[PDB]
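>>> Pasting an experimental structure with its sequence.
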Amino acid sequence: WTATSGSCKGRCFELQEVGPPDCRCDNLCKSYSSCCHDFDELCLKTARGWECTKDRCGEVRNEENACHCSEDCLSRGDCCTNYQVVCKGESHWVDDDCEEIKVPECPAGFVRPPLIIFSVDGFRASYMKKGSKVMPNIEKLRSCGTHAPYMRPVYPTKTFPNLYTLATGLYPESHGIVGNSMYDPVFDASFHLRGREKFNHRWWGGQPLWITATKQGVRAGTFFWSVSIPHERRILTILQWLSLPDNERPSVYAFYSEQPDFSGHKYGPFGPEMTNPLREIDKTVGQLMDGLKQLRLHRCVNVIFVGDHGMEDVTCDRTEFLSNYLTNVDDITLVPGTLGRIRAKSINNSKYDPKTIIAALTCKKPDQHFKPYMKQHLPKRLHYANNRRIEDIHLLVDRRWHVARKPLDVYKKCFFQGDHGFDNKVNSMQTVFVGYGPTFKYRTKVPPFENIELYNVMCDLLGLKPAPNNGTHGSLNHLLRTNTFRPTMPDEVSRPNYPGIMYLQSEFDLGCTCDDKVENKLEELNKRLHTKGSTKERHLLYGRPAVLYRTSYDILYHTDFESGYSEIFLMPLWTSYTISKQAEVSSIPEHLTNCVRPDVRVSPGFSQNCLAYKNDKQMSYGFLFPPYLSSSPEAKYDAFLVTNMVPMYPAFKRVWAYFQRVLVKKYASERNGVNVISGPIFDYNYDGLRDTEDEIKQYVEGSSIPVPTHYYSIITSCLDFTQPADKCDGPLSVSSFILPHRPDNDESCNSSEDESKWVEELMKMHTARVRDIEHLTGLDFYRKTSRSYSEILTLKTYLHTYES
Ligand SMILES: *[C@@H]1O[C@H](CO)[C@@H](O[C@@H]2O[C@H](CO)[C@@H](O[C@H]3O[C@H](CO[C@H]4O[C@H](CO)[C@@H](O)[C@H](O[C@H]5O[C@H](CO)[C@@H](O)[C@H](O)[C@@H]5O[C@H]5O[C@H](CO)[C@@H](O)[C@H](O)[C@@H]5O)[C@@H]4O)[C@@H](O)[C@H](O[C@H]4O[C@H](CO)[C@@H](O)[C@H](O)[C@@H]4O[C@H]4O[C@H](CO)[C@@H](O)[C@H](O)[C@@H]4O)[C@@H]3O)[C@H](O)[C@H]2NC(C)=O)[C@H](O)[C@H]1NC(C)=O
Ligand SMILES: CS(=O)(=O)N1Cc2cnc(N[C@H]3Cc4cc(Cl)cc(C#N)c4C3)nc2C1
Ligand SMILES: [Ca+2]
Ligand SMILES: [Ca+2]
Ligand SMILES: [K+]
Ligand code: NA
Ligand SMILES: [Zn+2]
């Protein structure tokens, strides 16, 4: 209940919201049906529209008018945004030459440059080029400020998940807004775009920027606007707030536009009806910038122009129906559209079986337009699993398609031509970033980056300490003229052991065999040098990775590779090796097919054993340094050490052997050498973070050898490919992957074919950032380079996306 009989007199767009039953006058009161009875009359004036005309110049103030053109309007802070152009002979901001903003040029009383976020819904990255002729204000921000060719959203590429990620720096799995529709089984409560449940604070985790500001003594404008408040009124409200007294005035603001998303759903991303929404957004940017110029704030404020996600062509005919796959379609609940989420319709139904649902949805139709996953098996780059609001069964829907439960869902609820929500690496889902102002760089292009990184920068722009988040603070320092964040590398927690030869062959009872009895002080000296690390500078190009947790591990040197060997997990944490462009691929010799060799540097008690693999009928083994890329027949024996072995399902060995035998050489050929760091990952609780030993759910039968959930590789070369990877003077280039260690190839519908037709497609889907592997391993890479630490942080956030 609300006492609407109160009044908004002197309260219009008040910044602190009052508590029920008191009536409200803030920018969200309409959304709560709680505005005072006189809110429209006092706070949403429309009379005479939004623009000064020559006849209004120097008018007697009429308080009924939407905006003013009276001599007192700049003093009151309520001029129409074109007042000085129409009435005082000024230019529009967009008609002024770009002039570098080297320092903030702020009115007396401004303690810091304000930040204004201009957020646009559904603004696809390619609109910046394709719509340039109709967006002059936006094109001036873009060309004169700092811009990226695109900004990568989070998955799912829906509105609330992405806006709340912009606000928090968190993945959706961490902030809790995992879709635009959600069921929380602990709350037994449903979140929808329509209705009141979504206003309950229990949905919204993390700490959004307006809370971070307020807690640190920086005042914020409210970021949410009720839909019926016209954009012109939103702009005039921001400009009026910027005219408040110093002690009352916010330092951070947000504008929001529902366009171009609203029209893009109706007309498609490039429908001819899309030009007018782009022109209208541009005009709104112009009102803001002319308004700031009037207030002498246009060389004071930092402006961010940012979108939440893009927009794809999607029509009602491109819908897959689960009723064409499942016997049991009435026993499931589907969250449908550009992603699927499946759970039981009733938790009382004991016949419900996720395994039979997955199997019925797997590679059943030749051009099937979705792929089912258990959420832990989703590509790790999506970071879409560690939340009870994310159903165990997920459908990744192909771009341009929908999934629905039954056909009647699509026509008993069409005409739409656009949608979004797909995999956040899809080109059509990419969105925009421009930063303009004193704290941003001038006429600067930056590479694409992820929207999780922006919260830290907005905190930098406001002098705030960010709440703990999933950005990598410093990775976006190259956007900024000033207020850079200069972190120190994390401290190494565990120092390695450097074991020498300590064990005789006969002390090992591992059940291993190798045909390696083949008896020269020239080479015997060389053998010793290689075991002491004489080739380590070729194979360890960027320093030893640092271990950022407490453990026991050994550095093991070899002719062709170096490893950090865990005495706790009985296998390497990392294996590092360099493959030149000139490297030769060889076979595993016939006599060595089943060769495994004890490592006389490592105790039998801290070694794997071959008998466990013989007894475990499901599990086989592979090697981290590939025997195919040995430098010589003699060096190849090192590759068969028990300390280089890792557990691998036979199905996974098809993937891994193709990577090692074909793809590493291909990348060395293409990139002018590569350095490879490979290793295991254990994430049985799918939280994106290194498991401790007591979290491991599977061992090699009858042993303490833990089974990885994933295998990674980090593949580094010189960005200037005219220099070989091992003699690179400048910036680096990286690609990485986190491959799921699965006992079948059910994810790859063409896996019956030769690996040349499916394995690289699998690896592209599971592309990763170095930072993703850092979280999953507790390792810190690139500790010893010639490069600035912020440049290395940017490299660690890079994702190789494999889009055209
Ligand atoms: C992205 O960046 C984020 C932010 O840095 C980071 O997430 C942080 O990860 C930490 C490890 O998973 C975790 O640390 C402690 O969490 C709780 C305290 O949690 C509450 O308080 C904080 C601080 O204000 C809140 O932010 C937090 O919000 C979460 O829960 C809300 C209510 O559910 C929810 O609204 C909100 O969205 C958020 O949920 C998310 O995180 C939770 C986990 O907290 C997930 O479950 C959700 O699915 C969702 O993902 C809370 O209100 C501490 O209690 C923990 O300590 C445990 O566990 C330790 C084990 O290592 C142990 O040593 C401790 O003794 C203690 O154990 C006890 O409890 C166990 C579990 O119940 C029990 O089994 C055991 O026997 C014993 O009794 C953690 O130290 C942070 O909460 C988390 N923050 C946020 C914001 O998510 C992400 O990891 C990265 N991502 C990547 C990939 O890098
Ligand atoms: C889903 S929707 O259509 O129902 N909807 C209505 C509505 C109203 N105002 C806004 N304002 C945005 C402006 C902004 C900027 C940044 Cl950086 C982070 C966040 C967050 N968080 C927001 C909220 N957004 C929406 C999204
Ligand atoms: Ca949106
Ligand atoms: Ca984990
Ligand atoms: K076996
Ligand atoms: Na298959
Ligand atoms: Zn939309």
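Thanks, I have the structure now. Numbering: from 1, shown residues only. Ligands and ions are numbered 1, 2, ... in the order given.

>>> Residue 224: what's its closest spatial neighbour, skipping adjacent residues?
residue 28 (5.3 Å; CB to CB, 6 or more residues apart in numbering). C-betas here are computed from N, CA, C, even on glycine.

>>> can you check residue 405 too?
Leaving out its chain neighbours, the residue that sits closest to residue 405 by CB to CB, 6+ apart is residue 334, at 4.5 Å.

>>> how about stretch 178-198: buried residues?
Neighbour counts using 16 or more other CB atoms under 10 Å place 178, 179, 180, 181, 182, 183, 184, 191, 198 of stretch 178-198 among the buried residues.

>>> What of stretch 466-474?
Buried-residue list, stretch 466-474, by 16+ other CB under 10 Å: 466, 467, 469, 470, 471, 472, 473, 474.

>>> Most widely separated two among those?
467 and 474 (16.4 Å; CB to CB).

>>> near ligand 1, which residues of the stretch 601-750 of the chain?
Contact residues, the stretch 601-750 of the chain versus ligand 1 (CB under 6 Å from any ligand atom): 687, 688, 689.

>>> tell me the SS of the first one?
The assignment at residue 687 comes out as coil when based on DSSP: H, G, I helix; E, B strand; the rest coil.

>>> Residue 450 bridge partners, please.
Following DSSP bridges, residue 450 is listed with bridge partners residue 152.

>>> Next, count neighbours for it.
A count of nearby residues for residue 450, using other CB atoms under 10 Å, gives 24.

>>> And for residue 210?
Residue 210 has 20 neighbouring residues, counting by other CB under 10 Å.

>>> do residue 803 as well
As a burial measure, residue 803 scores 11 neighbours (other CB under 10 Å).

>>> The residue nearest to residue 224 and residue 223 touch, don't they?
No: if you go by CB atoms under 8 Å, residue 28 and residue 223 don't touch, sitting 9.8 Å apart.

>>> Quickly list what's touching both of those two.
Shared contacts of residue 28 and residue 223 (CB atoms under 8 Å, 6 or more residues apart in numbering): none.

>>> For residue 311, see how far away residue 696 is.
As judged by CB to CB, to the nearest Å, residue 696 and residue 311 stand 43 Å apart.

>>> Between the two, tell me which one has more neighbours.
The neighbour count for residue 696 versus residue 311, taken as other CB under 10 Å, is higher for residue 311 (30 against 16).

>>> Return the residues in contact with the more buried one.
Taking CB under 8 Å, 6+ apart, we find residue 311 in contact with 122, 124, 260, 261, 264, 265, 268, 269, 418, 419, 420, 428.

>>> any residues touching stretch 171-184, and which ones?
Contacts of stretch 171-184 from elsewhere in the structure, counted by CB under 8 Å, 6+ apart, are 154-156, 158-161, 164-165, 168, 189-193, 203-206, 333, 335, 339, 341, 343, 383-390, 452, 470.

>>> Show me how to select, in ChimeraX, the buried members of these.
Burial among the contacts of stretch 171-184 is assessed by 16+ other CB under 10 Å; the matching ChimeraX selection reads:
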select :154,155,156,158,159,160,161,164,165,168,191,203,204,205,206,335,339,341,343,383,384,385,386,387,389,390,452,470
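
>>> Would you verify that residue 713 is located in a strand?
Yes: counting by three-state DSSP, residue 713 is part of a strand.

>>> So what sits opposite it in the bridge?
residue 678, residue 737.

>>> For it, the count of nearby residues, please.
Neighbours of residue 713 (other CB under 10 Å): 25.

>>> Ok, residue 617 next?
Neighbour count for residue 617, taken as other CB under 10 Å: 8.

>>> How about it: what's its closest non-neighbour residue?
Residue nearest to residue 617 in three dimensions, not counting chain neighbours: residue 701, with 8.0 Å by CB to CB, 6+ apart.

>>> Relative to ligand 2, which residue of the stretch 551-700 of the chain is the closest?
Residue nearest to ligand 2 within the stretch 551-700 of the chain (CB to the nearest ligand atom): residue 688, separated by 22.0 Å.

>>> Quickly note the distance from that residue to ligand 5.
30 Å (CB to the ion, to the nearest Å).

>>> which ones are touching that residue?
380, 383, 386, 772, 775, 776.

>>> Secondary structure for those residues - can I get that in TSV?
Below are the contacts of residue 688 laid out as TSV (three-state DSSP):
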residue	secondary structure
380	helix
383	coil
386	coil
772	helix
775	helix
776	helix
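
>>> quick one: which two of those residues are the most distant?
386 and 772 (13.6 Å).

>>> Serialize the buried residues of stretch 178-198 to TSV and add fields for distance to ligand 1.
TSV is the format used below for the buried residues of stretch 178-198 (distance: CB to the nearest ligand atom, whole Å):
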residue	distance to ligand 1
178	9
179	14
180	17
181	17
182	12
183	14
184	9
191	12
198	14
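
>>> And the next helix or strand past the helix ranked longest in the chain?
Longest helix in the chain, counting residues (DSSP state H): helix 275-294. Per DSSP states H and E, the first helix or strand lying C-terminal to helix 275-294 is strand 302-307.

>>> Just checking: what are the partner strands of that following strand?
By DSSP bridges, strand 302-307 pairs with strand 115-121 (parallel), strand 433-436 (antiparallel).

>>> Is any residue of that strand near ligand 3?
No: Strand 302-307 lies out of reach of ligand 3 by CB under 5 Å from the ion, never closer than 7.9 Å.

>>> Going by secondary structure, the residue of the stretch 501-650 of the chain found nearest ligand 4 is in what exactly?
Of all residues in the stretch 501-650 of the chain, residue 549 sits closest to ligand 4, at 12.3 Å by CB to the ion. Using DSSP H and E, residue 549 sits within no helix or strand.

>>> those strands in the stretch 601-750 of the chain, which residues are they?
Along the stretch 601-750 of the chain, the stretches classed as strands by DSSP state E, counting those that start in this stretch are 620-623, 645-648, 674-681, 710-718, 732-740.

>>> just the angle between the longest helix of the chain and strand 115-121, please?
What separates the directions of helix 275-294 and strand 115-121 is an angle of 170 degrees, with axes from the mean of the first three to the mean of the last three CA atoms, to 10 degrees.
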